[PDB]
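Have a look at the structure below before the remarks.
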Amino acid sequence: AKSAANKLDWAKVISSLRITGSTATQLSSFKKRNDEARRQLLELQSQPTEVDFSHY
Amino acid sequence: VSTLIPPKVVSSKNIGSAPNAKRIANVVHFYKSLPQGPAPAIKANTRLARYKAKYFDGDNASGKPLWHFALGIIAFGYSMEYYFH
């Protein structure tokens, strides 16, 4: 359900067309892009965080 | 690291920008102007205002009263001729 957040962010991108010279607002969206792109590879990267006592 | 906030800083912005002066100028320029040539008082009579209304407005504006005034001097000294010579 993150697409509503990002859809309203691109809505504010085509509305931040109206204010040229954005200092750090797009950089704040860059920081949420940074850790949101980090968290998905973090959750997909891991194994089930346990020692496999049956086989291993 | 945080939410930056320039979408809503138009509160103390709307004095500083340059067409604000023109906006506050012509909202003052437009209120007290009579709408469509109203309150014209197109007729006035003071025993000679009809002379101005027939001769000295923007519409007629022809040199004929000068002509009349020319004849006025023709009316003036010639009678003084009959008083002098």
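The way I read the labels, and the way they are meant: chains A, B, ... in the order of the structure tokens, residue 1 as the first residue of every chain, and ligand 1 as the first ligand shown, with later ones counted on from there.
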Within 12 Å of chain B, which residues of chain A are there when counting only C-alpha atoms? Please give them as a ChimeraX atom specification. /A:12-13,15-32,34-35
Produce a file of the selected residues containing C-alpha atoms, as an mmCIF file, in the first residue's frame.
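out_0.cif was written with the following content:
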data_model
loop_
_atom_site.group_PDB
_atom_site.id
_atom_site.type_symbol
_atom_site.label_atom_id
_atom_site.label_comp_id
_atom_site.auth_asym_id
_atom_site.auth_seq_id
_atom_site.Cartn_x
_atom_site.Cartn_y
_atom_site.Cartn_z
ATOM 1 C CA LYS A 12 3.768 16.763 -5.535
ATOM 2 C CA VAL A 13 6.603 16.378 -8.067
ATOM 3 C CA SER A 15 3.209 20.266 -8.384
ATOM 4 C CA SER A 16 6.791 21.117 -7.314
ATOM 5 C CA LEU A 17 7.274 22.013 -10.932
ATOM 6 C CA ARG A 18 5.581 25.233 -9.722
ATOM 7 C CA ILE A 19 8.466 25.948 -7.306
ATOM 8 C CA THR A 20 11.789 25.589 -9.133
ATOM 9 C CA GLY A 21 14.795 25.373 -6.834
ATOM 10 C CA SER A 22 13.739 22.683 -4.355
ATOM 11 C CA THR A 23 16.469 22.560 -1.724
ATOM 12 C CA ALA A 24 16.016 19.288 0.167
ATOM 13 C CA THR A 25 12.386 18.174 -0.308
ATOM 14 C CA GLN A 26 13.245 15.942 -3.250
ATOM 15 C CA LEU A 27 16.296 15.019 -1.196
ATOM 16 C CA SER A 28 13.934 13.966 1.591
ATOM 17 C CA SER A 29 12.131 11.768 -0.939
ATOM 18 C CA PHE A 30 15.597 10.577 -1.943
ATOM 19 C CA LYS A 31 16.228 9.510 1.648
ATOM 20 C CA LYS A 32 12.931 7.639 1.808
ATOM 21 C CA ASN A 34 17.235 5.118 0.004
ATOM 22 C CA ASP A 35 15.931 3.248 2.990
#
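We find CA of residue 47 (chain B) and CA of residue 65 (chain B) to be spaced 16.3 Å apart.
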Out of chain B, which residues get helix (DSSP H, G or I) from DSSP, as a PyMOL selection string? chain B and resi 19-29+49-55+64-84
Selection above as a file: N, CA and C atoms, as a short mmCIF file (atom, residue, chain, number, x, y, z; two decimals), in the first residue's frame:
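As written to disk, part00.cif reads:
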data_model
loop_
_atom_site.label_atom_id
_atom_site.label_comp_id
_atom_site.auth_asym_id
_atom_site.auth_seq_id
_atom_site.Cartn_x
_atom_site.Cartn_y
_atom_site.Cartn_z
N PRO B 19 4.56 41.83 -8.52
CA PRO B 19 3.19 42.22 -8.93
C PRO B 19 2.22 42.39 -7.78
N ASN B 20 2.65 42.17 -6.54
CA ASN B 20 1.79 42.49 -5.40
C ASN B 20 1.54 43.99 -5.33
N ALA B 21 2.54 44.80 -5.69
CA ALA B 21 2.36 46.25 -5.73
C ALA B 21 1.35 46.66 -6.78
N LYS B 22 1.40 46.03 -7.97
CA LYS B 22 0.42 46.33 -9.01
C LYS B 22 -0.97 45.83 -8.64
N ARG B 23 -1.04 44.68 -7.95
CA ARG B 23 -2.32 44.15 -7.50
C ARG B 23 -2.97 45.08 -6.47
N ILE B 24 -2.22 45.47 -5.44
CA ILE B 24 -2.77 46.39 -4.45
C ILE B 24 -2.93 47.80 -4.99
N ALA B 25 -2.26 48.13 -6.09
CA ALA B 25 -2.52 49.41 -6.73
C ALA B 25 -3.87 49.41 -7.42
N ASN B 26 -4.12 48.41 -8.27
CA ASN B 26 -5.33 48.51 -9.07
C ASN B 26 -6.56 47.91 -8.40
N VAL B 27 -6.43 47.27 -7.23
CA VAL B 27 -7.65 47.06 -6.46
C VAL B 27 -8.11 48.37 -5.82
N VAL B 28 -7.19 49.31 -5.61
CA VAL B 28 -7.56 50.64 -5.17
C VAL B 28 -7.99 51.49 -6.37
N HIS B 29 -7.44 51.23 -7.55
CA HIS B 29 -7.79 52.03 -8.72
C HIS B 29 -9.19 51.70 -9.23
N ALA B 49 -23.67 78.17 -19.66
CA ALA B 49 -23.20 76.79 -19.76
C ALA B 49 -23.75 76.10 -20.99
N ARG B 50 -24.90 76.56 -21.51
CA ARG B 50 -25.43 76.05 -22.77
C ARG B 50 -24.52 76.43 -23.93
N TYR B 51 -23.88 77.60 -23.84
CA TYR B 51 -22.90 78.04 -24.83
C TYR B 51 -21.71 77.09 -24.88
N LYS B 52 -21.22 76.68 -23.70
CA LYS B 52 -20.14 75.70 -23.65
C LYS B 52 -20.61 74.32 -24.10
N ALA B 53 -21.84 73.94 -23.76
CA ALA B 53 -22.35 72.63 -24.14
C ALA B 53 -22.57 72.53 -25.64
N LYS B 54 -22.94 73.63 -26.28
CA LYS B 54 -23.13 73.63 -27.72
C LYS B 54 -21.82 73.84 -28.46
N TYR B 55 -20.85 74.50 -27.84
CA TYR B 55 -19.65 74.90 -28.55
C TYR B 55 -18.35 74.29 -28.04
N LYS B 64 -15.79 77.98 -34.87
CA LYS B 64 -16.88 78.95 -35.03
C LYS B 64 -17.07 79.97 -33.89
N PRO B 65 -16.98 79.60 -32.59
CA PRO B 65 -17.06 80.66 -31.56
C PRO B 65 -15.96 81.68 -31.65
N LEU B 66 -14.74 81.24 -32.00
CA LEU B 66 -13.69 82.15 -32.42
C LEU B 66 -14.19 83.09 -33.51
N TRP B 67 -14.79 82.51 -34.55
CA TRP B 67 -15.51 83.26 -35.58
C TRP B 67 -16.53 84.19 -34.96
N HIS B 68 -17.37 83.67 -34.05
CA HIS B 68 -18.30 84.51 -33.30
C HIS B 68 -17.57 85.58 -32.52
N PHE B 69 -16.48 85.19 -31.84
CA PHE B 69 -15.71 86.16 -31.08
C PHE B 69 -15.02 87.14 -32.01
N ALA B 70 -14.64 86.68 -33.21
CA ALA B 70 -14.10 87.59 -34.22
C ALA B 70 -15.14 88.64 -34.58
N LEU B 71 -16.37 88.18 -34.81
CA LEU B 71 -17.46 89.10 -35.11
C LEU B 71 -17.77 89.97 -33.91
N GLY B 72 -17.50 89.47 -32.70
CA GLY B 72 -17.67 90.27 -31.50
C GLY B 72 -16.78 91.49 -31.51
N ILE B 73 -15.53 91.33 -31.96
CA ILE B 73 -14.68 92.50 -32.06
C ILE B 73 -15.13 93.37 -33.22
N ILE B 74 -15.66 92.74 -34.28
CA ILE B 74 -16.33 93.47 -35.35
C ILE B 74 -17.56 94.18 -34.81
N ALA B 75 -18.23 93.58 -33.82
CA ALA B 75 -19.34 94.26 -33.17
C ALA B 75 -18.88 95.35 -32.23
N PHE B 76 -17.64 95.29 -31.74
CA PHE B 76 -17.28 96.18 -30.64
C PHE B 76 -16.82 97.54 -31.14
N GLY B 77 -15.67 97.57 -31.83
CA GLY B 77 -15.03 98.84 -32.12
C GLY B 77 -15.75 99.68 -33.15
N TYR B 78 -16.51 99.02 -34.03
CA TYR B 78 -17.26 99.72 -35.07
C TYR B 78 -18.33 100.60 -34.46
N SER B 79 -19.02 100.10 -33.43
CA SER B 79 -19.91 100.94 -32.63
C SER B 79 -19.14 102.07 -31.96
N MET B 80 -17.91 101.79 -31.51
CA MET B 80 -17.08 102.85 -30.97
C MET B 80 -16.63 103.81 -32.07
N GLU B 81 -16.56 103.31 -33.31
CA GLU B 81 -16.49 104.18 -34.48
C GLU B 81 -17.63 105.19 -34.48
N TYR B 82 -18.86 104.71 -34.27
CA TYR B 82 -20.01 105.60 -34.14
C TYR B 82 -19.99 106.40 -32.85
N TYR B 83 -19.12 106.06 -31.90
CA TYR B 83 -18.91 106.96 -30.77
C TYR B 83 -17.76 107.92 -31.01
N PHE B 84 -16.83 107.59 -31.91
CA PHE B 84 -15.67 108.44 -32.14
C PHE B 84 -15.68 109.09 -33.51
#
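Taking CA of residue 39 (chain A) as the reference point, CA of residue 10 (chain A) is found at 20.9 Å.
We find CA of residue 6 (chain A) and CA of residue 13 (chain B) to be spaced 28.8 Å apart.
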